[PDB]
Amino acid sequence: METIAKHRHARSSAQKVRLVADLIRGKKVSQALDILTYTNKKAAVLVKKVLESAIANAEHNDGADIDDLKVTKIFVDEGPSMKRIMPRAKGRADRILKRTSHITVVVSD
Amino acid sequence: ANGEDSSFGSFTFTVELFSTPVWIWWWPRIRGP
Amino acid sequence: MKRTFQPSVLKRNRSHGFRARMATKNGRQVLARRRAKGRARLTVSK
Amino acid sequence: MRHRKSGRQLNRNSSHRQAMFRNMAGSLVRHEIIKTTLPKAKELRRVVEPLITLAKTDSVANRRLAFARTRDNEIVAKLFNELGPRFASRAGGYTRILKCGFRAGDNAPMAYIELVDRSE
Amino acid sequence: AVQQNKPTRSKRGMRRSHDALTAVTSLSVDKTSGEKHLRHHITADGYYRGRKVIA
RNA sequence: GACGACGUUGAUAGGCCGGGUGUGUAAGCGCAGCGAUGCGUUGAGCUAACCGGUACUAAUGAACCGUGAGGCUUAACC
RNA sequence: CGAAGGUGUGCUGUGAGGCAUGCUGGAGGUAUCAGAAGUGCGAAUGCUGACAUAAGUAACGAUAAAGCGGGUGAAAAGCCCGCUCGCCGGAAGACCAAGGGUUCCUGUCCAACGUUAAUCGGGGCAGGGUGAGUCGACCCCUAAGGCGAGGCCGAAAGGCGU
RNA sequence: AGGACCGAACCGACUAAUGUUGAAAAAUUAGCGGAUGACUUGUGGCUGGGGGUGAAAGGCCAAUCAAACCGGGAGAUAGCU
RNA sequence: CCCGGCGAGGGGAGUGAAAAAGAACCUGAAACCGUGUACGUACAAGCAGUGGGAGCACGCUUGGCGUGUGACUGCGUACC
RNA sequence: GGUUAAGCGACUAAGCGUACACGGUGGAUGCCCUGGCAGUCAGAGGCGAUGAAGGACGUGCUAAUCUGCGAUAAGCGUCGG
């Protein structure tokens with residue numbers, strides 16, 4: 001049985017989140033939680049929240065036994081970007097992209 | 001108990017883009033005069 | 001540096017205000033064009 | 001190169017560094033345990049342990065020296081009345097550094113520095 | 001100052017081939033409280049090498 | 001990044017002890033002088049990165065990676 | 001009982017192309033023979049929108065400077081309280097005019113805005129707040145100047161002026 | 001007394017450096033000139049495009065000037081790309 | 001109902017013919033960005049294809065055929 | 001069988017390519033029409049000192065916005081439907 005949790009429109013670019021996502025792909029959930037706890041990235045907090053949500057969803061809506069769950073799939077997709085403005089010198093203006101990401105964690109046994 | 005604001009009177013952010021031509025000095029650039 | 005716009009309400013109204021537009025027939029023609037276009041604000045008068 | 005050179009400048013000038021370490025030494029003597037960044041500890045040691053060594057022997061001249069280094073009379077009194085007697089038989093090493101993670105705001109390596117007795 | 005040709009996604013991946021993070025893989029377990037912690041660091045509960053140090 | 005030293009069976013760094021070096025006779029007290037100041041205690045006191053020492057503080061027991069005799073073919077060999 | 005469109009596969013013609021049917025889609029489509037064209041795009045430093053690259057690189061806006069303790073909080077380098085330190089001091093203090101227009105004060109929130117975080121804010125939401133015979137305006141008086149009954153000029157519009 | 005002298009406010013802009021996708025579409029820092037006068041400044045007013053104004057540089061007239069800006073003749077014309 | 005900050009987001013349940021119709025809502029193309037699987041690739045020089053061509057992996061078949069990849073090799077300097 | 005020697009040599013993928021499967025972003029395409037465009041036939045060709053065109057401010061059980069209305073203020077009288 002596969003259980004999914006997503007964080008859509010997370011405020012972080014997909015590249016930065018993928019750096020953390022590749023740390024836990026294929027790991028047991030307890031090991032993944034430790035890895036995420038001792039990772040000094042902003043994205044580690046977001047991915048840990050999604051992983052905890054997936055574990056809770058599995059346990060509640062599906063069967064149980066947190067102890068044999070693994071991170072079967074994980075991927076980060078790009079979300080919509082927010083277009084902003086950065087003023088530069090000599091009256092010029094630049095586009096700022098505030099990139100977001102969709103985080104998906106699939107947990108299974 | 002707290003409730004939900006559900007207003008965001010600044011939610012819609014209008015975005016634009018405009019620039020300005022820049023003077024450059026070319027006089028020693030020249031292969032001529 | 002000093003920029004071109006140096007606001008002053010009295011000068012603004014005396015130059016582009018409603019009573020200044022109404023004083024001459026050219027200014028009255030400015031108002032007619034703006035009424036024909038359907039402008040929400042006819043003049044700088046506020 | 002910086003061969004054989006000692007002392008961190010900690011992205012500060014000399015007078016700022018002096019003032020900051022005076023404040024930190026006063027704080028550590030007052031509270032006996034403080035939370036700092038790991039590199040600001042390991043430098044507070046070289047400032048605060050000579051103070052205790054100076055306080056080991058009580059004299060008017062020594063109290064004036066301690067006042068010059070720590071412009072706080074409460075800190076001088078605590079040094080000479082408690083810390084000198086408390087550490088009278090210890091040969092250096094009056095402080096202890098414990099690493100305690102990373103700062104939330106900037107990921108700075110944190111540490112606790114404390115006096116080894118702390119009235120345990 | 002600037003490229004003459006757009007670099008490929010292949011070159012972008014080749015460059016990023018060194019950007020991978022490394023996991024700690026080395027969590028220690030305190031002898032008294034039994035909680036996991038970073039080696040040479042305080043535990044979340046304030047223990048170190050089996051002694052309550054912070055509280 | 002790397003490279004080198006060391007991790008309690010330890011001098012790896014800090015502190016501490018002794019020395020050296022540098023600056024030059026601290027503070028307090030006493031005496032002389034109306035006073036600035038001088039003299040004594042006194043080359044005194046301070047002294048960074050140096051030298052020689054010293055477990056006082058920190059270098060934790062774990063854990064992690066790396067395996068389990070190492071292809072085939074001929075040619076000699078025992 | 002599955003149209004157009006989308007997406008595969010197979011077949012087929014010398015080519016532009018055609019035919020069939022899997023999935024998606026959920027209501028339209030059109031043999032044939034004629035008729036009419038906003039009838040075919042890769043380029044025009046073409047136009048509009050979307051998305052790349054450089055690149056997780058430069059930078060985060062005065063080199064006046066910060067350090068601790070406590071509080072609140074999901075979370076505190078940045079908020080609050082305290083103690084120190086530092087900076088301005090004919091100003092980087094205080095009061096206005098002009099201009100602005102609620103930014104003011106209190107309570108709540110943290111999406112977006114704030115070059116980071118934010119529990120904070122000149123941000124969002126709600127509520128409150130401006131009291132005059134003497135201050136100012138209005139008002140009386142006129143300067144420069146403007147408008148100007150009649151008037152004098154000027155194809156018209158209008159100019160000058162008592 | 002003084003278009004007098006030295007020098008802050010105030011008004012300028014001689015040199016250097018930095019900056020040149022700037023903190024800034026002309027600035028900053030260190031120096032520099034005038035500083036009772038042909039000075040400087042607030043608030044109003046007047047002069048309008050072949051026109052104004054100019055201690056005169058083709059200077060300035062809203063970051064635009066050997067003829068402003070906006071709208072119109074207008075889809076000017078283009079033996080050129 | 002559950003995770004979460006009395007969040008944002010999400011997983012269930014339920015409505016509905018349909019929720020990959022969930023309000024960032026009919027259909028959803030392309031550029032662009034990912035996860036998974038097969039094959040190739042760390043001694044080899046260039047418009048990146050085409051002609052030849054092992055090996056491997058799938059399906060059909062019972063050696064063959066089809067599909068993907070493509071070591072090695074001849075020729076080969078984009079378009080307007 | 002073992003031991004030396006010589007020769008030959010699958011298994012690696014930090015990453016990358018191609019194919020396929022599944023997604024994200026994005027908003028094309030198809031389908032749609034309260035909106036436009038061009039006409040034909042017929043009207044009406046003016047409103048204003050009895051204060052116009054166009055506005056300002058108000059007006060509701062509540063008070064942003066739109067519509068209506070004007071201190072009689074989403075309306076009052078009367079005659080008809």
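In the text below, chain A, chain B and the rest are named by the order of the sequence lines, each starting its count at 1.
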Counting only Watson-Crick and G-U wobble pairs whose two distances fall below 3.5 Å, is F:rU57 partnered with F:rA13? yes
Distance-only criterion, 3.5 Å: show the donor-acceptor pairs between side-chain atoms of residues 1-22 of chain B and protein atoms not counting sequence neighbours.
from, atom 1, to, atom 2, distance (Å)
B:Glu4, OE2, B:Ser6, N, 3.0
B:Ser6, OG, B:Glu4, O, 3.2
B:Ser7, OG, B:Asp5, O, 3.3

What range of RNA chain J does chain A touch, first nucleotide to last, counting atoms under 4.0 Å from its heavy atoms? J:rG23 to J:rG26
Which pairs count as ring-ring contact (aromatic ring centres under 6.0 Å, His included) when at least one residue sits in residues 84-109 of chain A, sequence neighbours excluded? A:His9-A:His102
Treating primed atoms plus P, OP1 and OP2 as sugar-phosphate and everything else as base, which nucleotides of nucleotides 153-162 of chain G get B, S or - for protein heavy atoms under 4.0 Å? ----S-----
So, with a heavy-atom separation below 4.0 Å from RNA chain F, the residues of residues 4-16 of chain A are none
Just compare G:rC113, H:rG22, F:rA58 and give me whichever is closest to any side-chain atom of A:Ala89. H:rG22
Those residues that, when tested against E:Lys31, pass side-chain contact (heavy atoms from CB on, under 4.5 Å) (two or more places apart): none
Can you name the ring pair (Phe, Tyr, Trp, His ring centres under 6.0 Å) partners of E:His37, sequence neighbours left out? none
Give a yes or no on whether the backbone of D:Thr70 and the side-chain of D:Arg22 come within a donor-acceptor separation of less than 3.5 Å. no
Got a salt bridge between D:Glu120 and E:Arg51, using NZ or NE/NH1/NH2 to carboxylate O under 4.0 Å? no
Taking the side chain of A:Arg92 as its heavy atoms from C-beta onward, which of H:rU21, I:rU35, F:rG61 lies nearest to it? H:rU21
Distances for protein N/O vs nucleotides 2-5 of chain I N/O pairs under 3.5 angstrom?
from, atom 1, to, atom 2, distance (Å)
I:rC2, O4', A:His60, NE2, 3.4
I:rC3, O2, A:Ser53, OG, 2.8
I:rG4, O2', A:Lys49, NZ, 3.1

Members sharing D:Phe102's hydrophobic cluster (side chains within less than 4.5 Å): A:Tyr38, E:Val24, E:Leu27, E:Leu38
Phosphate OP1/OP2 of H:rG22: any A:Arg88 side-chain N/O under 4.0 Å: yes
The nucleotide from F:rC46, H:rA27, I:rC6 with an atom nearest the side chain of D:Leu65 is F:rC46
Just checking: is there a Watson-Crick or G-U wobble pair between G:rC19 and G:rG101, both distances under 3.5 Å? no
Two-distance pair criterion under 3.5 Å, Watson-Crick or G-U, for G:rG40 and G:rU30: no
Got a list of protein N/O to nucleotides 51-53 of chain F N/O distances below 3.5 Å?
from, atom 1, to, atom 2, distance (Å)
F:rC51, OP1, D:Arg4, NH2, 3.0

Extract from the structure each pairing of a protein N or O with an N or O of nucleotides 44-46 of chain H at less than 3.5 Å, listing the distance.
from, atom 1, to, atom 2, distance (Å)
H:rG44, OP1, C:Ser8, OG, 2.9
H:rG44, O3', C:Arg14, NH1, 2.9
H:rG45, OP1, C:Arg14, NH1, 3.4

How does each nucleotide of nucleotides 77-89 of chain G score, in 5' to 3' order, for protein heavy atoms under 4.0 Å: base (B), sugar-phosphate only (S), or none (-)? BB-----BS----
